[PDB]
Amino acid sequence: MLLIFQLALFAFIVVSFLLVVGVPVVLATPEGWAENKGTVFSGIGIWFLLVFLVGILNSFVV
Amino acid sequence: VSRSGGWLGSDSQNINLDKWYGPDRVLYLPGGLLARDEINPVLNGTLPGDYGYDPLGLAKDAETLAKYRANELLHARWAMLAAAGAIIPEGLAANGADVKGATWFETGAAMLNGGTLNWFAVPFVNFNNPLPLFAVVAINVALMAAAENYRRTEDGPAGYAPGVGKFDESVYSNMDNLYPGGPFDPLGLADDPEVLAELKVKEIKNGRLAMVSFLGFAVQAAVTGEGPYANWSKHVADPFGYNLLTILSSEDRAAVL
Amino acid sequence: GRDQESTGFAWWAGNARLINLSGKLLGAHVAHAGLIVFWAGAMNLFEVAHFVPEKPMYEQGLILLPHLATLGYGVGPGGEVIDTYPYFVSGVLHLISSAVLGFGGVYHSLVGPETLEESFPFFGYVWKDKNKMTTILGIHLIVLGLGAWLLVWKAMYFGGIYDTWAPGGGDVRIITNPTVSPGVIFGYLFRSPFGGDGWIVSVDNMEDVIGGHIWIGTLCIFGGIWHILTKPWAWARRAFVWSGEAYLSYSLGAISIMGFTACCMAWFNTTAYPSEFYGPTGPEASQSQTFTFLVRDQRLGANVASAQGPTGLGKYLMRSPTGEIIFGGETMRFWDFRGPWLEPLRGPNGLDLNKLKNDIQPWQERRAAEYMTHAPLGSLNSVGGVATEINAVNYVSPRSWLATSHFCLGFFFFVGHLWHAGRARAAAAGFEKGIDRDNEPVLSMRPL
Amino acid sequence: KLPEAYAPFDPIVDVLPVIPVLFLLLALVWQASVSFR
Amino acid sequence: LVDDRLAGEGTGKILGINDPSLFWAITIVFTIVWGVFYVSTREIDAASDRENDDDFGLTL
Amino acid sequence: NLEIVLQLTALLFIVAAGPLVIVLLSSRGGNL
Amino acid sequence: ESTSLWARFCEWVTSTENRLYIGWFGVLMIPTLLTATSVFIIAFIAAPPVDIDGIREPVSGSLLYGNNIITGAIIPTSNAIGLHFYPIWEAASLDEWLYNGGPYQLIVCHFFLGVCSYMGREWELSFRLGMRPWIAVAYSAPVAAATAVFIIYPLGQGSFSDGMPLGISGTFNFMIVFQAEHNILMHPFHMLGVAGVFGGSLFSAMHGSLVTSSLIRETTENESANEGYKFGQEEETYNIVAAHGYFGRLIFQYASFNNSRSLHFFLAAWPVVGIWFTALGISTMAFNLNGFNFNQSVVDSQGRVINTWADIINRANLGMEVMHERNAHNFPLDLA
Amino acid sequence: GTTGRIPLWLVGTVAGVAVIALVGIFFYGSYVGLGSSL
Amino acid sequence: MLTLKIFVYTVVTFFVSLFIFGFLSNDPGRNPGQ
Ligand code: CLA
Ligand code: CLA
Ligand SMILES: CC1=C(/C=C/C(C)=C/C=C/C(C)=C/C=C/C=C(C)/C=C/C=C(C)/C=C/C2=C(C)CCCC2(C)C)C(C)(C)CCC1
Ligand SMILES: CC1=C(/C=C/C(C)=C/C=C/C(C)=C/C=C/C=C(C)/C=C/C=C(C)/C=C/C2=C(C)CCCC2(C)C)C(C)(C)CCC1
Ligand SMILES: CC1=C(/C=C/C(C)=C\C=C\C(C)=C\C=C/C=C(C)\C=C\C=C(C)\C=C\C2=C(C)CCCC2(C)C)C(C)(C)CCC1
Ligand SMILES: [Cl-]
Ligand SMILES: [Cl-]
């Protein structure tokens with residue numbers, strides 16, 4: 001599970017980087033919070049899912 | 001004169017139905033995330049606890065919403081009785097009371113092989129309930145089948161309830177399929193229309209809390225193999241040492257250092 | 001945002017444009033909160049990664065891990081780190097929590113409501129509304145009280161707190177009898193700040209530490225309920241400036257005091273800041289030197305009690321100006337120091353001569369020897385030792401970093417009181433922008 | 001050190017604590033972009 | 001011993017009160033100053049020309 | 001030297017993530 | 001109008017018609033500063049020698065005991081006292097209080113309250129006169145420096161004997177020992193402090209010379225140029241554009257302040273910020289966070305240490321270290 | 001030819017980063033090689 | 001020395017009490033502006 005866990009952590013880091021830059025850009029963009037608001041929630045939801053996935057996988061790997 | 005009033009002195013009764021009913025009813029997402037025009041139109045704020053929450057578009061018309069609300073209220077009321085009844089007897093046994101079959105998912109086995117159960121009229125004396133398993137199965141099924149059929153057919157036998165005294169079959173007519181009132185409201189707390197609307201909101205909200213709670217009781221039973229009280233007592237005893245992650249670990253985690 | 005054309009504040013005073021924009025001001029405070037939680041998480045993981053078990057905590061430049069250790073995480077008896085996994089989850093939990101805190105800061109700042117007074121009356125406020133201001137003061141006063149109760153719950157029900165004075169050696173201990181006596185609590189609060197007294201920096205039991213946090217937790221909750229159900233009285237209404245900048249200056253003056261107190265806590269206290277994790281204090285290291293030379297010279301053969309120094313005072317042992325037998329030399333100033341390794345040798349009258357020459361345990365000698373070499377002396381570039389030392393040891397005590405930094409923060413935030421409180425009065429009076437050319441007050445006064 | 005499972009990610013942790021000081025500079029470069037309006 | 005002294009130094013006494021007479025010194029003085037202040041509050045506020053209602057005090 | 005190479009690489013992203021936001025908003029005519 | 005005693009007292013206290021403003025900070029400033037002034041003058045003239053190091057070796061600091069104005073000083077409290085509170089009533093006799101350095105604590109404690117109240121009194125008069133309230137902020141810089149050498153440095157070191165003596169030669173002993181133990185010259189904050197006072201001295205000379213160079217002709221040569229200015233003038237007494245033109249050509253056009261308000265803020269900020277950091281420097285060095293230590297930083301290929309100017313400083317620091325408090329140290333490390 | 005101007009704030013940002021990088025290298029060199037006491 | 005201590009406690013309390021109740025006497029209202 002070590003390889004699976006590290007892939008999930010790496011995916012969590014990548015999606016966090018996308019949110020770090022993506023979220024302020026769409027928020028500052030006037031149309032962004034009206035139209036891209038749908039895809040932001042998907043990013044937030046995926047980010048939280050990886051948080052819990054990495055959290056449970058930590059138990060089986062540490 | 002009124003049968004309803006405030007709880008904190010004169011002019012302490014402030015029932016705001018606007019927050020739970022109408023256009024400004026609270027929603028499952030805040031104002032800045034979900035616009036009120038994005039809510040399913042069938043959810044117009046006339047039913048208790050209409051948080052405007054229905055992804056997957058399950059309710060597509062008033063009839064479908066009414067049919068499902070009949071299911072939701074029943075699943076909710078049963079869960080409220082179950083949530084309370086699944087953990088209260090176990091809490092008694094853990095504190096020293098003589099209860100046989102404390103955990104809810106082990107009470108059935110206690111009645112096997114001719115064993116009986118002790119019913120605790122908690123404020124007062126306990127009981128060595130003599131009903132055997134065959135009898136309990138027969139009586140419970142007969143009473144429940146009869147009770148549900150009366151609800152299904154919306155008609156029942158004449159009888160006595162304290163709020164209405166002695167009633168005949170006529171009272172069953174003109175009773176809401178979900179909020180019968182009448183004999184089912186002996187204390188008459190449904191008299192005030194504003195109070196009744198607010199109390200309906202509290203019913204499903206406590207009911208929805210109970211349904212999710214019993215779901216946890218079941219999932220927790222499968223995972224930790226203990227009763228819900230045992231899970232709570234040991235989370236509170238050692239929170240970081242006893243939670244989901246520690247159980248999933250299932251091994252003596254080597255010190256990192 | 002805004003600009004100087006419509007606000008009158010330049011870019012370097014740009015955050016002053018948020019004084020009456022409650023919604024954006026909320027996001028500003030939530031975003032800085034996310035930064036604080038981010039730093040706590042990031043610095044925690046940084047210290048855990050750079051942690052080597054072959055050295056003590058204070059030799060590795062760690063200032064956050066000692067705070068976790070004093071709470072009794074991953075420490076065995078004697079201040080030995082047994083497991084750093086609890087330190088890891090602390091860093092991760094803060095780091096992840098900063099993300100959601102950061103999102104709310106960015107949301108409430110960039111795209112949320114500018115002013116909450118219209119859409120959200122519960123959260124909306126105007127600085128002039130003394131009643132509404134007290135409710136916010138009352139509400140956040142309760143959460144502070146609850147935070148204090150978390151400490152006592154940790155010390156009494158959840159594992160316990162590391163006690164450096166514990167019988168049998170320093171260890172994580174459950175506090176079962178917190179000291180909640182009014183005389184003890186009031187004794188610390190209204191004690192002198194001078195030597196021997198040390199105000200509240202002299203709390204020397206975990207019973208008194210968590211006994212005090214029981215009082216603080218209770219007072220803050222009652223004060224929270226009080227300030228929620230009451231509006232300020234007439235005497236207060238005629239004593240304070242009721243402006244947003246005025247409320248800020250009150251807090252700046254308050255946390256300036258808290259900054260100075262934390263500076264003295266990290267420098268003198270050995271209970272809430274165990275020497276096992278933060279290293280020896282200034283007094284402790286000086287006291288350890290004479291103890292080390294007393295022990296080693298006894299083996300060479302010498303009566304330490306009868307030994308004279310060049311000045312005629314006791315070379316190893318002398319009397320304090322109150323009569324207690326103390327260590328000699330320059331460390332005579334630090335005679336009020338008390339430490340877990342030194343109290344066993346101290347009787348009612350001071351250091352016991354018999355115990356000093358018959359019953360000095362090896363662990364006591366090792367503690368004093370270690371504390372002397374790790375004295376809180378170092379350079380800016382972290383060269384251990386006095387200024388007249390070679391570049392050999394890379395060490396500065398965490399007490400030096402904690403005391404030195406939080407004094408600079410304490411002083412600058414005192415200048416914050418002076419600045420933001422002066423401006424608060426002038427702006428309210430209405431002359432923060434200058435003297436009226438046609439209505440100069442001095443021109444209407446009798447000449448001196 | 002970190003747990004063995006988190007070892008490959010150690011270099012990221014080694015640069016994390018300097019991020020908060022970048023926000024101060026980020027505010028400065030943000031104001032420069034808008035010509036310090 | 002050879003001389004007499006208060007011997008209260010470094011003893012952690014509340015407000016430095018070694019003897020109860022110091023308590024009376026502080027209490028009496030504070031009460032007097034508070035006494036003359038208390039009977040003058042209305043006059044001082046009257047100068048403001050406003051009544052000390054819930055909207056009284058320097059406010060921006 | 002793989003450690004320092006990875007540290008500089010990670011440092012390169014974060015010191016660029018901030019300015020990346022500003023330039024994207026400036027280029028796209030954002031409300032910055 | 002006011003009839004109440006307190007109403008009349010509070011009007012007198014806050015009255016701006018007094019020759020010297022009292023205010024509420026003045027009811028704290030005046031008694032504390034007069035108390036410290038009285039004991040200082042009496043002690044500087046007639047105080048007995050003080051056992052500063054706690055080693056029963058009294059140090060004479062009074063004029064009547066053989067000192068002149070330069071060498072006279074109020075000796076700090078005894079090292080035996082430490083940080084302990086030593087009021088005159090905690091001493092068996094006033095002779096014992098004098099012997100142990102009592103007057104130093106009385107002066108320092110009342111003086112610290114005086115400067116803090118003097119700072120507040122500066123704010124109070126500004127509020128009473130309707131001017132902007134930040135002269136007190138500029139005064140916080142010297143207050144911090146005074147607080148650092150009289151309170152914070154003794155606090156961190158553990159004894160009031162390590163405070164600055166209240167004398168001229170006593171001040172020099174404070175600086176020399178400070179260099180030997182902390183290497184203050186190599187600390188970036190004394191460096192900022194030096195830039196604060198060298199720069200402040202430079203800016204004072206430049207601003208004074210530039211304004212004097214631009215005085216508009218309003219007098220003859222048999223009169224002082226000062227006579228050209230009348231107290232209360234509504235017009236400017238010197239040409240700011242002319243002064244900016246001179247300094248603009250002196251270095252280059254954009255190195256000069258065209259704005260008198262920006263110029264005067266710079267004249268205030270530069271020394272105040274500089275003194276803030278050097279005050280912090282002493283405060284940080286109170287907790288033994290010494291200046292830069294570059295001793296034996298340069299070594300050759302085979303390991304031989306090549307000396308630098310920093311090592312020569314260490315040689316001087318070594319000499320002061322082994323001579324200060326000659327009889328006070330029984331053990332090799334100067335941890336106190 | 002190609003019409004355009006480099007934004008001034010971008011020039012300051014890149015120059016500011018380069019200066020910070022240069023100072024960082026000097027502080028890095030303070031701990032390694034010559035003058036590091038090592 | 002106690003007599004001296006009580007005298008100083010009386011004096012220090014007197015000036016501190018004036019300072020405390022002085023600023024409680026509608027101090028913010030004592031300004032030349034309107
Ligand atoms: C002091 C912090 C604070 C305060 C006072 C407010 C206040 C407000 N928020 Mg906001 N918010 C915050 C933080 C805060 N928020 C954070 C951290 C986030 C990121 C999750 C958000 C995200 C957010 C959104 C998306 C929206 C608001 C909105 C609002 C407005 C009302 C509706 C609402 O409550 O929505 C938010 C409700 C929740 C976030 C539910 C959270 C569940 C509980 C309250 C969490 C409590 C957990 C616990 C106490 C936290 C521990 C402390 C922690 C720091 C460790 C209101 C004025 C709405 C608005 O502005 O309308 C236009 C809106 O759409 N907020
Ligand atoms: C803790 C520091 C801090 C915080 C929280 C704020 C917060 C705020 N400032 Mg401010 N400011 C600061 C420091 C700070 N400032 C400093 C140091 C200066 C001096 C240079 C200024 C000077 C200043 C001025 C001149 C102004 C503000 C203004 C504002 C407000 C609106 C800004 C805006 O909408 O423009 C938009 C900004 C952008 C579009 C660029 C930033 C994009 C995001 C936020 C960058 C962060 C990305 C982040 C990593 C994403 C992760 C979040 C999540 C996905 C995990 C806002 C509440 C304005 C105001 O007053 O409102 C009226 C304004 O006029 N500030
Ligand atoms: C408003 C505004 C401002 C500010 C802002 C801010 C301040 C923000 C913040 C923000 C934030 C505060 C953010 C945060 C974030 C975080 C995150 C996103 C996290 C992440 C994490 C991860 C990704 C993972 C990690 C890990 C673990 C899990 C374990 C170990 C390993 C590792 C480390 C890998 C400014 C100035 C610009 C100006 C303008 C306006
Ligand atoms: C946790 C983590 C994360 C996150 C991160 C972050 C949150 C970041 C951010 C960051 C940032 C926040 C950045 C920014 C920075 C800034 C900059 C880089 C800038 C600078 C500037 C300069 C240098 C210049 C300035 C100036 C101007 C232009 C004007 C004039 C003056 C001067 C020139 C000075 C990640 C994703 C990694 C994942 C993993 C984990
Ligand atoms: C936790 C703990 C503890 C403690 C506790 C407590 C209980 C605390 C408290 C404290 C308190 C309980 C209090 C304090 C403080 C307060 C203050 C410091 C302030 C005052 C202020 C002010 C500001 C005044 C003012 C005035 C008035 C009258 C009004 C106007 C005018 C004037 C401004 C003049 C102990 C020690 C055991 C240790 C361990 C831990
Ligand atoms: Cl000397
Ligand atoms: Cl020594």
# chains A, B, ... in the order shown; residues from 1 in each chain; ligands from 1
>>> residues_near_ligand(ligand="ligand 6", cutoff="9 Å", atoms="only C-alpha atoms and all ligand atoms", output="list in words")
residues 173, 174, 176, 177, 320, 321, 323, 324, 325 and 326 of chain G
>>> write_last_selection(atoms="C-alpha atoms", output="PDB file, in the first residue's frame")
ATOM      1  CA  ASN G 173      32.278  50.916  32.369  1.00  0.00           C
ATOM      2  CA  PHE G 174      28.822  49.747  31.309  1.00  0.00           C
ATOM      3  CA  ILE G 176      33.123  48.336  27.848  1.00  0.00           C
ATOM      4  CA  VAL G 177      31.873  45.349  29.838  1.00  0.00           C
ATOM      5  CA  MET G 320      38.139  43.277  29.020  1.00  0.00           C
ATOM      6  CA  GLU G 321      36.547  39.944  29.917  1.00  0.00           C
ATOM      7  CA  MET G 323      39.646  42.140  33.938  1.00  0.00           C
ATOM      8  CA  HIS G 324      36.063  43.218  34.631  1.00  0.00           C
ATOM      9  CA  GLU G 325      34.946  42.169  38.119  1.00  0.00           C
ATOM     10  CA  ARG G 326      38.359  40.787  38.984  1.00  0.00           C
TER      11      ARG G 326
END
>>> interface_residues(of="chain F", to="chain H", cutoff="10 Å", atoms="only C-alpha atoms", output="PyMOL selection string")
chain F and resi 15+19+23
>>> interface_residues(of="chain H", to="chain G", cutoff="9 Å", atoms="only C-alpha atoms", output="PyMOL selection string")
chain H and resi 34-38
>>> residues_near_ligand(ligand="ligand 1", cutoff="6 Å", atoms="only C-alpha atoms and all ligand atoms", output="list in words")
residues 30, 31, 32 and 33 of chain B; 30, 100, 101, 103, 104, 112, 113, 116, 120 and 123 of chain C
>>> residues_near_ligand(ligand="ligand 3", cutoff="8 Å", atoms="only C-alpha atoms and all ligand atoms", output="NGL selection string")
(:A and (9-10 or 12-17 or 19-20 or 51 or 54)) or (:C and (27-28 or 31-38 or 42 or 45 or 88 or 92 or 95-103 or 105-106 or 109-110)) or (:D and (2 or 6 or 9-10 or 12-13 or 16 or 20 or 23-24 or 26-27 or 30))
>>> interface_residues(of="chain A", to="chain B", cutoff="8 Å", atoms="only C-alpha atoms", output="list in words")
residues 55, 56, 59, 60 and 62 of chain A
>>> write_last_selection(atoms="N, CA, C and O atoms", output="PDB file, in the first residue's frame")
ATOM      1  N   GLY A  55      -5.721  10.145   4.954  1.00  0.00           N
ATOM      2  CA  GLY A  55      -5.849   9.932   6.380  1.00  0.00           C
ATOM      3  C   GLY A  55      -6.048   8.484   6.770  1.00  0.00           C
ATOM      4  O   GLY A  55      -5.386   7.994   7.688  1.00  0.00           O
ATOM      5  N   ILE A  56      -6.956   7.782   6.088  1.00  0.00           N
ATOM      6  CA  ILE A  56      -7.171   6.370   6.392  1.00  0.00           C
ATOM      7  C   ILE A  56      -5.991   5.533   5.919  1.00  0.00           C
ATOM      8  O   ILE A  56      -5.588   4.573   6.584  1.00  0.00           O
ATOM      9  N   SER A  59      -3.069   4.969   8.282  1.00  0.00           N
ATOM     10  CA  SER A  59      -3.155   3.942   9.315  1.00  0.00           C
ATOM     11  C   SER A  59      -2.550   2.623   8.859  1.00  0.00           C
ATOM     12  O   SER A  59      -1.903   1.933   9.653  1.00  0.00           O
ATOM     13  N   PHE A  60      -2.748   2.253   7.597  1.00  0.00           N
ATOM     14  CA  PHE A  60      -2.251   0.991   7.067  1.00  0.00           C
ATOM     15  C   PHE A  60      -0.811   1.072   6.588  1.00  0.00           C
ATOM     16  O   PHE A  60      -0.264   0.060   6.143  1.00  0.00           O
ATOM     17  N   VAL A  62       1.641   3.489   8.285  1.00  0.00           N
ATOM     18  CA  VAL A  62       2.515   3.960   9.349  1.00  0.00           C
ATOM     19  C   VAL A  62       2.186   3.222  10.635  1.00  0.00           C
ATOM     20  O   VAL A  62       1.091   3.364  11.178  1.00  0.00           O
TER      21      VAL A  62
END
